[PDB]
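Visitor: Okay, handing you the structure first.
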RNA sequence: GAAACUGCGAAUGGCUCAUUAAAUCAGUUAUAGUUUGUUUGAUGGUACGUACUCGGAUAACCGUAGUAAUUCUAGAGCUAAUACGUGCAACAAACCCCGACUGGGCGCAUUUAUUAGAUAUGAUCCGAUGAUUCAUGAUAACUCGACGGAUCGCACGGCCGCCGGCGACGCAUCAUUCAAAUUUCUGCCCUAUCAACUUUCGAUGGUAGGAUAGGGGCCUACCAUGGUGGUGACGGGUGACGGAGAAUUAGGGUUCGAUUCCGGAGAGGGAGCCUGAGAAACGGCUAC
Ligand SMILES: [K+]
Ligand SMILES: [K+]
Ligand SMILES: [K+]
Ligand SMILES: [K+]
Ligand SMILES: [Mg+2]
Ligand SMILES: [Mg+2]
Ligand SMILES: [Mg+2]
Ligand SMILES: [Mg+2]
Ligand SMILES: [Mg+2]
Ligand SMILES: [Mg+2]
Ligand SMILES: [Mg+2]
Ligand SMILES: [Mg+2]
Ligand SMILES: [Mg+2]
Ligand SMILES: [Mg+2]
Ligand SMILES: [Mg+2]
Ligand SMILES: [Mg+2]
Ligand SMILES: [Mg+2]
Ligand SMILES: [Mg+2]
Ligand SMILES: [Mg+2]
Ligand SMILES: [Mg+2]
Ligand SMILES: [Mg+2]
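Residue numbers (PDB author numbering), protein chains in the order written: chain BI, 1 to 122, 146 to 209; chain BE, 2 to 264; chain BG, 1 to 229; chain BL, 2 to 81.
In structure tokens:
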């Protein structure tokens, strides 16, 4: 099957390397998962070397995304795939891979922001005596806040969907975000 | 090739297993265990080839199944169990508590220790780090692992470890001026005092040792085993404890001829 | 085309061989698990319905459910499935065998029918022969499910089905009964309590060791009164 | 700038968006900082690696690669 | 106690030297780049939303058979589990969040993100390496989580029904042992009537992914034009497996090394794969 040997490759001198043994199991490869962004989730268990298990996600619709600045992780549904660094047809086909820019709805993050900072964007005495303390340092990026009204936040996938069976990631902020914005604006 | 090997050819056996070359095609492969299978003496090579208690690979089993062997304070039945260094082979009934010590020629000797000295042993100490939930553990050099060690204990130390109630009684740090027995290489079985340790950033910590009789020899950071604090070992050495080069062995043979017999 | 008629309720099996084409045409396009009316295939089968759940070819090849119109095909069968047995084969080993589709046709040498409806007209054979079996279930809960019993009234004094009367060749009368396989005895409760006690011992030892190590670090802090005193 | 590819280049596990200050936080690469390490073996980390803006995951000083094994001296043959 | 289900083994051993000329292999490295049934040591508090113990099958058995035929094969009737499948997991503490005015989370495992891991308010805890954002801890969440004992033997006892010993098997994590995989440097016979070879389709490097147990053009998208060579690349021959070694030897040397020890490769020739901790296995399967 698919193999990871240098057996079929060529020497650094550009000379053909002959074959002295067959293919071996401990050096095999497998077909790519080619994860898709779809509403009908499906993840299939794979049995790997040693008897352990890999989770090959064929279709996903939700994910676990983290806002690093406020350090809050929420489960939210991905809406679209907008950018792919490697192949430009992986966004047309809407394939979930690592480092692929996606859009996730901001409803859980809006709810957390409202219930934590006491401010809506997009009770007796303790709560009010503690809310203004969090409101003192409350500051948000304009580019970050302009997406709450739109309902979808740009984010980046940091997990490997075809290996862990999941699509987790982090919300784009700071120097990252505009770098992709200047690549997504037209 | 496709997996593990369950056979050990006689010619491939370790040298300290002095086995007759024309005794068979196979040697007893040491089982998985506390010791490295090349610095170990399997039980088959104890009741046989060292004691005349058993005569074949049929009476070693006939006396292990009676649960007559108690290595390191525990009955063991696997005839190829790797007793590897300073293990207390405590034969009950007859009372043959033996410490596995290293002969000056790299051999293995069953030093007959007294029973009350057989309730403990010593272990060399591998790295010491933090376990799960932040619980430090010991991880000695004979597979043993002890949780909650005293913070003074560090790597390469030695610990005096009890058997019936397995807890560290005391320990010796690794430093110059301590008795050390070498357990690897050509200098195996030679006791001495560490003079200085030389450190090379990257590998190969070399230890220089001074023999009691004036000789000096070097070895690796491994293969050494601290025995006692200062210059007094905590265990009884088998005999000699010195390298005893070939010429003085010839002298011993000569004087043995000229005395005792003397005729 | 021979037929193996089986009475699953309380009867036995028999072989019925018929050759006329009119009677053996009704079952010439049915499949496995399809019902066939007894009258259509002949008389003496008025209130009777047979079910098709097997059949072998003219070469002994079996009929495999789920394959289309009768024609010998080759399938990469797994061990233990119908139409492929093991009996001396490696655990994960498959094999290509030859089967035929579930569709019934003239290419069959035998067909297995099971009686679904009792009917009203008797048949010499599988209608009167009453036979026993091995013991009723030997599980604990499957005794109280056979003799209607409550939570109490242990099943130990309930094996009335001693398979006696196997009189020995030496003229000795000995009785044989099975052993209940889920009965609760004091031994099981003792084992449960032993497991609980072991968990208690572990939970005590962990906290004891933690407390002693905390005390040792307190002593080390007392030793730290010498870095600058 | 150092971003000359179709993906943003960043040092892993180095959060670049913390609101709290820096320049005094140990283990450079905390609260927003270039991550650099000493390879050991008596080698000095260049100032161009500590006060640098490049991103290189294969760099021994500011990357994910650790130096171990054999040390070899030689002369540069081709640097194209 | 036959048979049969279940578990484990059959990946060791044995045989041969066809392919293979920096390739295997030898000495010496590295895994801070990984997997590991097993053996030894240590460690398993969160299930709650019938537990004095849950459910349905099935083999041997018995009886209807098919076929010329085979450890070829189909129906019917019984019955077990440390098989299979469900389910109390039995009893806590600490902590993190949202909060009633003067409740949710939380075992262990998985994935992601943030954060501590210090220097070296008077009196002031904090591991390891040559080297790590390392060991580890706290936090936010996540997963349709084969995990967190519905198991067996012997001995019988002590407290008014309660409690209890010595063992066997089994599940998970870590360390160890048994190992493998990949990898660093140096080293091989004859040939120039073999002087340029490799690269559009991977050739050398970069970026981001995919795949793998894991590093890596191992594979994909984009980019750059590099890589080796009279210190012999590239190509060819070998009646070439490599080594420890063998013969003859003043010394130097010359020739040999299929064969019992180590490593590699093969099961007529190629290819693909299941099971399993471990195989591209052939006294295993599938195809030509
Ligand atoms: K097996
Ligand atoms: K080598
Ligand atoms: K890889
Ligand atoms: K197995
Ligand atoms: Mg090292
Ligand atoms: Mg079997
Ligand atoms: Mg072999
Ligand atoms: Mg050639
Ligand atoms: Mg090489
Ligand atoms: Mg860490
Ligand atoms: Mg990569
Ligand atoms: Mg390409
Ligand atoms: Mg050849
Ligand atoms: Mg050879
Ligand atoms: Mg031969
Ligand atoms: Mg060989
Ligand atoms: Mg092979
Ligand atoms: Mg042949
Ligand atoms: Mg094969
Ligand atoms: Mg054969
Ligand atoms: Mg074979």
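For every residue, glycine included, the Cβ atom is placed at its ideal position computed from N, Cα and C.
Under 9 Å between the Cβ atoms of residue 122/BE and residue 89/BE?
Guide: Yes, the pair counts as a contact, with Cβ atoms nearer than the cut-off.
Visitor: Would you verify that the beta carbon of residue 69/BI is, or is not, closer than 9 Å to some beta carbon of chain BL?
Guide: So yes, residue 69/BI belongs to the interface.
Visitor: Mind listing which residues of the region 80 to 108 of chain BI have their C-beta closer than 7 Å to chain BL's C-betas, in chain order?
Guide: Correct list: 85, 99.
Visitor: Would you be able to state if there are at least three C-beta pairs under 8 Å between the region 8 to 17 of chain BE and the region 26 to 38 of chain BE?
Guide: Contact between the region 26 to 38 of chain BE and the region 8 to 17 of chain BE is present, because at least three Cβ pairs lie under 8 Å.
Visitor: Could you tell me which whole alpha helix (DSSP H) segments of length 4 or greater appear in the region 20 to 58 of chain BL?
Guide: Entirely contained in the region 20 to 58 of chain BL, the alpha helix (DSSP H) runs reaching 4 residues are, in chain order, 48 to 51.
Visitor: Please state whether DSSP places residue 282/BI in a helix, a strand or coil.
Guide: Any question about residue 282/BI goes unanswered here, given that chain BI covers just 1 to 209.
Visitor: Can you give me the start and stop residues for the beta strand (DSSP E) that residue 109/BG sits inside?
Guide: Run containing residue 109/BG: 108 to 117, per the beta strand (DSSP E) assignment.
Visitor: Using the Cα positions of residue 226/BG and residue 213/BG, report the straight-line distance between them to the nearest angstrom.
Guide: Approximately 21 Å between the Cα atoms of the pair.
Visitor: Can you grab the Cα-Cα spacing for the pair residue 48/BL / residue 208/BE, in whole Å?
Guide: About 37 Å.
Visitor: Counting only beta-carbon separations shorter than 9 Å, does residue 213/BG have a partner in chain BE?
Guide: Yes, residue 213/BG counts as interfacial toward chain BE.
Visitor: Between which two residues does the beta strand (DSSP E) carrying residue 209/BE extend?
Guide: Per DSSP, residue 209/BE belongs to the beta strand (DSSP E) from 207 to 212.
Visitor: Taking Cβ positions only, does residue 17/BL come closer than 9 Å to chain BI?
Guide: Closer than 9 Å: yes.
Visitor: Less than 8 Å between C-beta atoms, sequence neighbours within five positions excluded: which residues of the same chain meet that for residue 182/BG?
Guide: If we look at residue 182/BG and ignore the five residues flanking it on each side, its Cβ neighbours are 139, 140, 141.
Visitor: Find the residues of chain BE that neighbour residue 209/BG, judging by a C-beta separation of less than 8 Å, and give them in chain order.
Guide: Result: 148, 149.
Visitor: Verify the contact flag: residue 2/BE, CB atom, against every heavy atom of ligand 17, threshold strictly below 8 Å.
Guide: Within the cutoff, so yes.
Visitor: Using a C-beta to C-beta distance shorter than 9 Å, which residues of chain BI count as neighbours of residue 80/BL?
Guide: Ordered by position in chain BI, no residue passes the 9 Å Cβ test against residue 80/BL, which lies about 17 Å from the chain.
Visitor: Which chain BI residues are close to residue 9/BL, counting only those with a beta carbon under 8 Å from its beta carbon?
Guide: Result: 198, 199, 202, 203.
Visitor: Less than 9 Å separating the beta-carbons of residue 33/BI and residue 184/BI?
Guide: Closer than 9 Å, so yes.
Visitor: Taking C-alpha atoms, which residue in 118/BE, 34/BE, 147/BE, 142/BE lies nearest to residue 132/BE?
Guide: Answer by Cα proximity: 147/BE.
Visitor: Using 9 Å as the threshold, is the C-beta distance between residue 37/BL and residue 30/BL below it?
Guide: Going by C-beta atoms, residue 37/BL is nearer than 9 Å to residue 30/BL.
Visitor: Identify every residue that forms a DSSP beta bridge with residue 193/BE.
Guide: According to DSSP, residue 193/BE bridges with 181/BE, 212/BE.
Visitor: Assuming residue 55/BI is part of the beta strand (DSSP E), what are its boundary residues?
Guide: Its beta strand (DSSP E) spans residues 53 to 60.
Visitor: Which of helix, strand or coil does DSSP assign to residue 199/BG?
Guide: Here residue 199/BG sits in helix by DSSP.
Visitor: Closer than 9 Å, CB to CB, is residue 220/BG near chain BE or not?
Guide: Cβ-Cβ to chain BE under 9 Å: yes for residue 220/BG.
Visitor: Roughly how many angstroms lie between the CA atoms of residue 151/BG and residue 184/BG, to the nearest whole one?
Guide: The alpha-carbon atoms of residue 151/BG and residue 184/BG are separated by roughly 12 Å.
Visitor: Quick one, which residues of the region 122 to 150 of chain BG are near chain BE if we go by CB-CB under 9 Å, in chain order?
Guide: Listed in sequence order: no entries.
Visitor: Closer than 8 Å is the cut-off here; do at least three beta carbon pairs connect the region 238 to 256 of chain BE with the region 210 to 219 of chain BE?
Guide: Because the criterion of three Cβ pairs below 8 Å is met, the region 238 to 256 of chain BE and the region 210 to 219 of chain BE touch.
Visitor: With a threshold of 9 Å between beta-carbons, can residue 73/BI be considered close to chain BL, or not?
Guide: False, the Cβ-Cβ gap to chain BL never drops below 9 Å.
Visitor: For residue 31/BG and residue 137/BG, what's the separation of their Cα atoms in angstroms?
Guide: Roughly 34 Å separates the two Cα atoms.
Visitor: Step through the CB atoms of chain BL and report whether any lies within less than 9 Å of the CB of residue 16/BI.
Guide: Closer than 9 Å: no.
Visitor: Using beta-carbon positions only, say whether residue 211/BI and residue 82/BI come within less than 9 Å of one another.
Guide: It is not possible to answer for residue 211/BI, since the shown part of chain BI is limited to 1 through 209.
Visitor: Using CA atoms only, rank isn't needed, just tell me which of 74/BE, 173/BE, 98/BE, 100/BE is closest to residue 309/BE.
Guide: Lying outside 2 to 264, the shown extent of chain BE, residue 309/BE is not represented and no answer is given.
Visitor: Run through DSSP, which three-state label would residue 61/BG get?
Guide: Coil.
Visitor: Have a look at residue 10/BI and residue 21/BI and give me their C-alpha separation to the nearest angstrom.
Guide: Straight-line Cα distance between these residues: approximately 16 Å.
Visitor: From the DSSP output, in three-state form, read off residue 197/BI for me.
Guide: It is helical.
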